[PDB]
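A short worksheet on the structure shown next.
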4 protein chains.
Amino acid sequence: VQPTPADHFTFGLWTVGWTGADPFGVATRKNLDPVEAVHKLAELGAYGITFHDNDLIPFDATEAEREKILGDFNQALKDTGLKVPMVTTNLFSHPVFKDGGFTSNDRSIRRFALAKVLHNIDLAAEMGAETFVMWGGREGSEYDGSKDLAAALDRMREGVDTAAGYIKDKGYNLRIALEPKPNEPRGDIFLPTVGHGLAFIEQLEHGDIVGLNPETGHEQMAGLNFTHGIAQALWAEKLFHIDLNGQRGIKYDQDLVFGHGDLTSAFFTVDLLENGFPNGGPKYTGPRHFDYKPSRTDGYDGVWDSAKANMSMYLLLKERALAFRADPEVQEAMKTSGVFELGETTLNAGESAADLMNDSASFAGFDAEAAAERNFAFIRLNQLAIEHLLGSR
Amino acid sequence: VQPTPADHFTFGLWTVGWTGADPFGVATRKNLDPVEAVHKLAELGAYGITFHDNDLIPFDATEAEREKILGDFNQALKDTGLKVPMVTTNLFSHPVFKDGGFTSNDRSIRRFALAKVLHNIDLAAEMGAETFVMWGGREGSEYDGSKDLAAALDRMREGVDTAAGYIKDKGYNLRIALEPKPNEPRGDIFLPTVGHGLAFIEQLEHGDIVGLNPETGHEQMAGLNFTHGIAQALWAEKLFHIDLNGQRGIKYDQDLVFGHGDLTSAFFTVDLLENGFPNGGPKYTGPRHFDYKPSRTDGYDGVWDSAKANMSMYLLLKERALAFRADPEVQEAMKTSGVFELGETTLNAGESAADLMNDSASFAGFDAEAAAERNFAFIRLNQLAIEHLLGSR
Amino acid sequence: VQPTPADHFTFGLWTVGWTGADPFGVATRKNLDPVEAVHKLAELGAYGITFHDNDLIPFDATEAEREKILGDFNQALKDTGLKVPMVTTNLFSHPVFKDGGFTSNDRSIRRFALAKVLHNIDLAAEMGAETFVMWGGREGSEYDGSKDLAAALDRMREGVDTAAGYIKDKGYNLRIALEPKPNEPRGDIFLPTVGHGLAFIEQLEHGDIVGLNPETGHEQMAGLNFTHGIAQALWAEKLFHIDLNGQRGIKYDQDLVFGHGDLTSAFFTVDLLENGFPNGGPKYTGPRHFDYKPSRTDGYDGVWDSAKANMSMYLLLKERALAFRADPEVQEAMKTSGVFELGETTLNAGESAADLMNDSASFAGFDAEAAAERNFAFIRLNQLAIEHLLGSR
Amino acid sequence: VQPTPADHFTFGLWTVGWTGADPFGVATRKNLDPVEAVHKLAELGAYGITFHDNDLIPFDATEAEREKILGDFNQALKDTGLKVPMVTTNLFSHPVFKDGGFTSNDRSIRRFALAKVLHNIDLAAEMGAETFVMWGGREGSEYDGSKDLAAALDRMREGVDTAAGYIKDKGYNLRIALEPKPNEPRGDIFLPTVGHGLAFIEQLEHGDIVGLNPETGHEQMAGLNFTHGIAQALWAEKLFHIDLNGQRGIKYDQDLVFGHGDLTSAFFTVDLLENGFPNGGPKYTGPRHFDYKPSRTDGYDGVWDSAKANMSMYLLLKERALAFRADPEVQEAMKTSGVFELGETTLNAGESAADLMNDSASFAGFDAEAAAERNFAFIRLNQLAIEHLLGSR
Ligand SMILES: [Zn+2]
Ligand SMILES: [Zn+2]
Ligand SMILES: [Zn+2]
Ligand SMILES: [Zn+2]
Ligand SMILES: [Zn+2]
Ligand SMILES: [Zn+2]
Ligand SMILES: [Zn+2]
Ligand SMILES: [Zn+2]
């Protein structure tokens, strides 16, 4: 397994550049030069790089400074051929954002936040990005009376719809991807799961260019099944981008390497990205992006190790996932279990409610006890999947 | 605090009639006669009663049997004056439903399930119910390859839209309320939280008469904030019914008395039901329904005790919640914290994206460090809330 | 694969005999005859079978039925060669144990529960069981004031010390093993984790013959590291038995097949049982017992499928865990990371606290900043275990 | 309210001095001078202050700065009367402790960590602290093969037994108290709960002077009952100190004010510290320490607000918990439910295991079905605690 740019593996600057500072300690690694991030990742097999405005350009940078930094970064990009498919904004690190950007209680903060996003849409568009991700990490509260909850959503809506109107007006080839997280840094974050993100989008004036950016560890922090959540996002055609990593349980955001958390769940996500749905349906085509953090115990040899571990893990899972579905035994098991019968509509062509209620065979004389005897054999289909995952098959 | 029918407290037959059978043991109480459930609840202060088709009418009941049971129940209702505001279907107890009703892999089961719902819509409508609740408790899986996930949602949609077309066609004054649960009895249940329910509704052909039935312990089983979740349901105008109870943590569905779980969260839910949003917004008006189970350690004196504890808890919380918002000190704290500033739109009337980006004051010359100095004083507003909850104020 | 009697795969009667009644439904399978259970198990390659008193002998059986049932049971054991390595008592299904057995608030139920155990101790000895397990499933509460928490631990101590004392008194060659569970069926169960169980054994009079029976799923219900918890049980020399199964997350006790829950943790669990510790130390040499339940969606073909899969999964994992430790690149990765170095004592032979008093070479003249650059390379080390697990290396 | 020095409210320097840097952001508050910290605390009514070595004396400070800093510190203590009841060491912020202190894989870092502790023991004695706390925050791993799990417990034992042995050697009037935490900053921390900590102390050489320092939030991060866990610590006679705070759910360590997390559990926690056990037994008589952190959204007015609220909340709860136990209806509800009956021994004075051997009056002729009808009335009993807590009774 060796990644090629054809694989479409993307990494954030903040991922391999994460310096190690956590809540109980200081950084354990020196800052990463962006030029070096670009060059290193291009030699590993990366397709592209992604960043937050302040990963690159300091908050306080003068114009001369900004210009140099950008000339350095664009240079690096030209030299290596790396694409910039997604750009995001930092609305969580400066003290000004302690109560949120878009949903701050303070109105002047709300406007600075939105100003900071619009300017960043411009940059994103100069960089050639197709996706604009929003992670509202400071939107929310520790306490239940701190917010007017209906007003928190109107403020959110105002922000996101102003950003979208501006894309439409400028003619930029950008789509917005919202990224859910249930908690941390706030005790409760607004629009905590894929479900809440998808709902909110339907109340937006310009929701057609607004979709999701689910992260594997984020949905697992609320104990949900990542594979089910992206399946609903795909089903509604709102899966615009995806962040892969690992999480080992309901706790702080670990941001481990993809496959370093729940393995079987990783296998099944790769099967859904690569094979689509058993009966047909939309398929995901964008970047396979890694929003992870190299453990702080490791030095720089560890950082490029981890980066490479992400693309390896994925490729290994993919090989198993493709062998899994190509196995005849696995296809037989699938049929037995009624994985293909689920895809047939319940009603017959032009049969209505009334006609169904009246079909005697379907209700009044249905032999419920007899139908209850089917052996779905779900245990056996899961066993076959694990056996292909362990490559013992 | 004494409940009156004006309070709109509703109870399910299955709640006070829960016999005690759990996964590790048999029933500890004798079955409850429905006539007696009706009469008892009317003397406690209940407004109405609710049930599942098989709580009342056995699965296997002959027509003579069904007719008697219904004559007994309707009698009881006439005598006491109890209303039947919601009716639901049991698609989880018979063995036939082991893989789901609507999303079973087996197609004949899917049709029986839907047949069983349509017939039940008829009954619901004869009983005078305004709400038809669906709890898809067996829809989902233990294993990730057991389902074609896109096909699971199409099947769900087919069922729910056939039920809704039939209401519209019959002219019945019914609305469908979906009820989320993340897990149990299945390892993962489809449409696990309020978020996922609200999303799904937007893909329905007839989603205008389809809304939610959130349960306090269900959202807490995924660790979310119940108060935030119903605030998004209210904001989208999709809060059709609500199930109140208590849950003490992420574990099995406890179904404790309302207030017997997370107290502060209960206080804040009552504040949202009773006071609405601080800046104005939709308000909830339906039944205040209790879907709880009297602990199995208690005998029948315990059952009516628990029933009464539900309405008491709520009334006590309500008195505190109304005193809380009426306190001048609390209103001052609210202003200070910017609870009312959140309600002012970010942009000025007819100010666009472009005009905002260009306002110098809003971005280029915004003094971020200075704005970061505001003391939101959220700790102090939470302290005042707790002090009103403990009635020490 | 191919399990053989020397593998020491023991299975309980309640596992394959689990008919499928959960909280929201009735059994989906017909009762399993015990003689049938013995023959099928033996033919799959099991070494032994375990049971709860009431699993074999009805709570109501007369003396005449006890001996008839035992007759056929002993004959089957005889005809097949299964051993009976562990026995346990049912102190949770009958409504009389609704507040517990040993810690029941009612004294006459405490006596009845203790009496039931004493007699089950005589049957255990009779069968040749080396271990007598205690799962206190109903010891706990839903409410914090339901119990005197000190007296609940005094009544638990009394029961376990009376039973232990009776084993010593009759000279049975039996050990007691407590089985922790954090909740379900009680809201909170006493001695909820391995730690708590371990701590508790140290306050008994007859502690010497009391140890633990940790279960994968149950520590995973508190979000804990199952391998870390068994390590501590083993390190303490209290790992008397083990229950293997699968759990996906903090939720109800799933009791899935071993390997169908957290797969990487199962990998490392098998590594500790089979290889023990990297530097040398204690080893677990008792039986590998499966405490699981066949999914209720599947017929009897799933039941025997599910029992074979337990066994397969443990041997596939065993295989990959033997190749992993044997691999010279892993052994070297291990050396780089300091695994063997953790094995050296901190203090030099003869060094005192004053001597070291941090020595400086160890304190004053120590270069903290230089020691901090060490790359532990834990990420690379984790990547080698996963490729070994995926069958890749 | 009105806290006074006899209340024994102790606060750490890092709590009110917590500037607000979390994982996604920088500090939102200016550094708090220690002399200032002492004066403000004393004027609020605190009895004492606790600190980590590096909280007061920089990791780099020279000998000359240590003594200057200690000079002013002792003077402030002097001028105000605060005592210094507990001292602890920082073994987690400096990058050198990235794999731990005592269980670091690197031997030279194990020595450096132990040396740091030994010297901090001499400062503790000097200050008059009675307790020396140990929070092993970096002892653990992200990955299961990063450690030899047996050697990690041997290296932890070595460190605590060397430190204890040195206390005994110098004749300091000091006790060691371990502080459990299940995770964060490590993915898995060793001795993650009260049980584990308790079990671990029993394998030490110098166990007699080692006990625990449980923290509300930290057992709540594993979903456990904090009152149940302190009960067991107390019952074991190992409850040497206590850390009080608030946590809403399984997520990152929130460190909220005591009472702003699980309010009913806080109620019952205060009932156990203040009233002890219903039937009589051990009592906790040390200090009431607050290990919390003022929300980062709030300025310095919130910091002193948040410190007063800890104290208020504990006295409001204390008040309601004294009225609850004193209430004659509660005392009678208690009798009905069997709380006093749990206090009686199971066996009669002189009864042997053979004698009882279940006696029958206790086994054979026992009417299990009749004993099962007992109404324990735990629901009514819970309803009386909540109305006592809501200020209603
Ligand atoms: Zn992400
Ligand atoms: Zn993340
Ligand atoms: Zn409900
Ligand atoms: Zn429920
Ligand atoms: Zn279990
Ligand atoms: Zn078990
Ligand atoms: Zn903490
Ligand atoms: Zn603490």
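Side chains included, hydrogens not; waters and symmetry mates left out as well; all remaining heavy atoms used. Throughout, protein chains are lettered first and strands after them, A, B, ... in sequence-line order, and every chain is numbered starting at 1.
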Max heavy-atom pair count under 4.5 Å with chain B, selected residue of C:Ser295, C:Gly223, C:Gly187, C:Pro182: C:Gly187
Which of C:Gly25, C:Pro23, C:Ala21, C:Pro185 touches chain B most, by non-hydrogen pairs under 4.5 Å: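 It is C:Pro185.
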Contact class of C:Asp253 relative to chain B, heavy atoms under 4.5 angstrom: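 The answer is the side chain of C:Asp253.
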Contact class of C:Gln254 relative to chain B, heavy atoms under 4.5 angstrom: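 Side chain of C:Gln254 only, per the 4.5 Å heavy-atom cut-off to chain B.
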Separation of C:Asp298 CG from B:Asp99 CG (nearest 0.5 Å): 9.5 Å
Taking side chain as C-beta onward, heavy atoms only, is [X] less than 4.5 Å from [Y]?
| X | Y | result |
| --- | --- | --- |
| C:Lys251 | B:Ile250 | no |
| C:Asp144 | B:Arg248 | yes |
| B:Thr297 | C:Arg186 | yes |
| C:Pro95 | B:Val26 | yes |

Ring pair (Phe, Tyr, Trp, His ring centres under 6.0 Å) partner of B:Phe24, chosen from C:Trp135, C:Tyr252, C:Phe97: C:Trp135
Ion pair check, C:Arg138 and B:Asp22, cut-off under 4.0 Å: yes
